Structures are given as structure tokens and as C-alpha cells.
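Comments concern the structure below.
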Amino acid sequence: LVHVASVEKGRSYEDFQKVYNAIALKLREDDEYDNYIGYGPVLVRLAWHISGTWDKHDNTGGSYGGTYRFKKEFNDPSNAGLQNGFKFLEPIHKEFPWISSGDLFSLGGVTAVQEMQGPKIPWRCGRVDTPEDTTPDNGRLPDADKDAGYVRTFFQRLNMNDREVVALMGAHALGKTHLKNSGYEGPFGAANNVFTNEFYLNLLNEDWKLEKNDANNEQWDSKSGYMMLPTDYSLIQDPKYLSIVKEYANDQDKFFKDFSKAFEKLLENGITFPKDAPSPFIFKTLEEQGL
Ligand code: HEM
């Protein structure tokens, strides 16, 4: 397929900054969600899930079409719990009905990161809502009960190399696992809603014990009370991945830079941007705007 980015007719930067501002202000206000963690993490996951169904081989899936809106994609068992991110964005959508769904879901991901003190992620508008029929079948999102090899291979379908996968994985410093959603339970770290290189440090410095949970799945549990999925732990089992985790554990800055690039790339997979398209936008945070 060929998915060409088409700007929302008549809209510019300022129009988008306003959508961002609305998502941001609503993140600030609804902070009771999930025991005071807020919706930041779920939105990050939301943007990654809508973009992870991409397949470099035939161009299907990816964020373009906003297919997550259709039943089949919405009801994907791997997307269990995402419904909450979606409800959070509905009123936003009703307030700016001109934005395409794929642009809104991805933007929310960008806003969450930034408002959570993460790096600035350049973003581009242009996604266009496609028909129900372009909805990818379930099964394209990864399983968490595997190893590094699995990880490597899987990521390959999205065009990501070792550095890219390690980077992207640091998102697992945010939020937690929920038994009813995935069969996993427990916060990944301590900050939970502040974006840092925590993930890497936790991986190198905790005393993890392999245990089974009430869902009967194995998970790595730490004495401080955190958790790591088998796929997460495999990052320290692979020699190539391990040196990357060390780098990140040593330089938040480098991580932020790498994550940023990678994040954008992830959200743009499958999209063709015409030569006249506006450059990517860099939104100001509520803080930078004094709001
Ligand atoms: C092999 C790769 C991955 C696997 C198998 C995976 C699996 C999981 C699992 C099973 C959950 C818990 C969901 C719940 O029960 O509510 C989760 C949570 C999370 N995922 Fe990942 N994940 C991976 C990749 C990613 C990446 C690439 C991103 C973004 C860059 C990310 C962002 C997060 C976030 C922020 C949450 C926490 C959500 C919340 O607090 O509701 N994950 N992931």
C-alpha cells in the first residue's frame, strides 16, 4: 500500500498546539486514574499499540489509518486496558473534530511523554482515517513471555535495530502491569509517572527473583516491590542488549536523544510524507507556555 500524509485542511502548527494543550491540561486534571499514576502511561502505550501493528513487508498496519477505532482492533486481547486511554481522548476529539484519529492517538503519546518530563519528540500531522476494512487482524503485537531472540526478531518487522529496541523499551519505566489486562501484576519502577532512565538502573541494580504470579505467569520480582516482564529481563541476558542498557543507565541524556528519534520513527512507520509537507512540529509544554 502507499499511505500518503495529507494535512488536515487549513490547519497549522497553532491548531495542533491547541490539541496538545487540551490533552495536557486534561492530564493535569484527571490525576486520580490508576491510584494516582494519571493517564500518561496508558497513553504512551496507546500510541505504541496503534503503531505496532505495522508490517514492513506489505505496508499494512501502523498508525496511519486510525484503525484502532474499529471493533476488531479495539477488542484485540493485546489491547486490553487501552479502552481507558481511548475514553480519555474522546472528549478531546469531540472538541477538535477536524483531527484524524491516527493523528490524535499519536499526539497523545507525544504529549504524555513531554508532560512527564521526557524529551521533546518531534511530531508530524497527516494521518488519514481509513476504512474498517484496512484494520489489521489481531496477533501483530508482541508477547511478553519470551526472550531476547524473540525481541530482536519481532522488532525487525518494524524496522528497528538493537539500539532502537533498547531505547523504546525504556518506556517501561512508566506505569505498571495489571493482572486483568495482561496476566502480569506490579509497577515497573518507583517514579511511575515521571520519565527518566530509571528502567536501565533498575535492571542493573535490583535483586530480581523469578516468580510465578496469580495468573500463573512468570515475572521477575524485586525486593523494592517492582516487576519486570521476561521480555524486559532478556535485555540483560543478551550481550548486545546489555551494553546498551549500560550506556543508558549511565547517560539519561543519550537515552532521551535515542528514545526521541526512535519514538518518532515508530509513529511514522508506513507513512509517506510528500516533499511539500510541513516539517515536524515541536510542541511547547504547558510549562513552557506558562499554563
Ligand atoms: C516486547 C515489547 C513489549 C511488550 C511484550 C510489552 C508488554 C507490555 C505489557 C504486557 C504491559 C502491561 C499492560 C497492563 O497489564 O495494563 C505493558 C505496559 C506498558 N507498555 Fe509495554 N511492552 C512492550 C513494549 C513497549 C514499548 C515499545 C512501549 C513504548 C515505547 C511500551 C509502553 C508501555 C507502557 C507505558 C505501559 C504501562 C501502561 C499502564 O501503566 O497502563 N511498552 N507492556
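How things are named: the first chain in the C-alpha cells is A, the next is B, and so on; residues count from 1 in each chain; ligands count from 1 in the order shown.
Residues of protein, DNA or RNA lying at most 6 Å from ligand 1, when only C-alpha atoms and all ligand atoms are considered, are residues 41, 42, 44, 45, 48, 81, 142, 143, 144, 151, 168, 169, 171, 172, 174, 175, 176, 177, 178, 179, 181, 182, 184 and 231 of chain A.
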Within 6 Å of segment 198-208 of chain A using only C-alpha atoms, minus same-chain residues under 3 positions, as a VMD selection string: chain A and resid 170 173 220 to 222 245 249
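Shortest atom-to-atom contact with residue 124 of chain A among A:25, A:160, A:267, A:236: A:267, counting only C-alpha atoms.
Counting only C-alpha atoms, the residue from A:150, A:188, A:20, A:39 that sits nearest to residue 227 of chain A is A:188.
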Every residue of segment 162-199 of chain A that DSSP places in strand (DSSP E or B), as number ranges by chain: A: 174, 176-177, 186-187, 192
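Around residue 219 of chain A, within 9 Å and counting only C-alpha atoms, the residues found are residues 145, 184, 185, 209, 210, 211, 212, 213, 217, 221, 227, 228, 229 and 230 of chain A, once anything fewer than 2 positions away on its own chain is removed.
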Write out as JSON lines a residue-level contact list of segment 177-257 of chain A versus segment 162-166 of chain A with cut-off 12 Å: for each qualifying residue the closest pair of atoms and the distance in Å to one decimal, counting only C-alpha atoms, rows sorted by chain and residue number upward.
```
{"residue": "A:197", "atom": "CA", "partner": "A:166", "partner_atom": "CA", "distance": 11.4}
{"residue": "A:199", "atom": "CA", "partner": "A:166", "partner_atom": "CA", "distance": 10.4}
{"residue": "A:200", "atom": "CA", "partner": "A:166", "partner_atom": "CA", "distance": 9.4}
{"residue": "A:231", "atom": "CA", "partner": "A:166", "partner_atom": "CA", "distance": 11.2}
{"residue": "A:232", "atom": "CA", "partner": "A:166", "partner_atom": "CA", "distance": 9.5}
{"residue": "A:233", "atom": "CA", "partner": "A:166", "partner_atom": "CA", "distance": 11.5}
{"residue": "A:234", "atom": "CA", "partner": "A:166", "partner_atom": "CA", "distance": 10.8}
{"residue": "A:235", "atom": "CA", "partner": "A:166", "partner_atom": "CA", "distance": 7.6}
{"residue": "A:236", "atom": "CA", "partner": "A:166", "partner_atom": "CA", "distance": 10.4}
{"residue": "A:238", "atom": "CA", "partner": "A:162", "partner_atom": "CA", "distance": 10.6}
{"residue": "A:239", "atom": "CA", "partner": "A:162", "partner_atom": "CA", "distance": 10.9}
{"residue": "A:240", "atom": "CA", "partner": "A:162", "partner_atom": "CA", "distance": 7.5}
{"residue": "A:241", "atom": "CA", "partner": "A:162", "partner_atom": "CA", "distance": 6.7}
{"residue": "A:242", "atom": "CA", "partner": "A:166", "partner_atom": "CA", "distance": 9.0}
{"residue": "A:243", "atom": "CA", "partner": "A:163", "partner_atom": "CA", "distance": 9.9}
{"residue": "A:244", "atom": "CA", "partner": "A:163", "partner_atom": "CA", "distance": 6.8}
{"residue": "A:245", "atom": "CA", "partner": "A:166", "partner_atom": "CA", "distance": 6.9}
{"residue": "A:246", "atom": "CA", "partner": "A:166", "partner_atom": "CA", "distance": 10.5}
{"residue": "A:247", "atom": "CA", "partner": "A:166", "partner_atom": "CA", "distance": 10.3}
{"residue": "A:248", "atom": "CA", "partner": "A:166", "partner_atom": "CA", "distance": 8.9}
{"residue": "A:249", "atom": "CA", "partner": "A:166", "partner_atom": "CA", "distance": 11.3}
{"residue": "A:254", "atom": "CA", "partner": "A:163", "partner_atom": "CA", "distance": 11.1}
{"residue": "A:255", "atom": "CA", "partner": "A:166", "partner_atom": "CA", "distance": 9.2}
{"residue": "A:256", "atom": "CA", "partner": "A:166", "partner_atom": "CA", "distance": 11.7}
{"residue": "A:257", "atom": "CA", "partner": "A:164", "partner_atom": "CA", "distance": 11.0}
```
Proximity to residue 157 of chain A - best of A:120, A:56, A:94, A:72, only C-alpha atoms: A:56
Backbone-only DSSP, alpha helix (DSSP H) members of segment 104-215 of chain A, as a ChimeraX atom specification: /A:104-115,148-156,162-169,179-182,198-205
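Nearest to residue 30 of chain A of all the residues A:136, A:85, A:10, A:118 is A:85, based on only C-alpha atoms.
Between atom CA of residue 52 of chain A and atom CA of residue 33 of chain A the interatomic distance comes to 24.8 Å.
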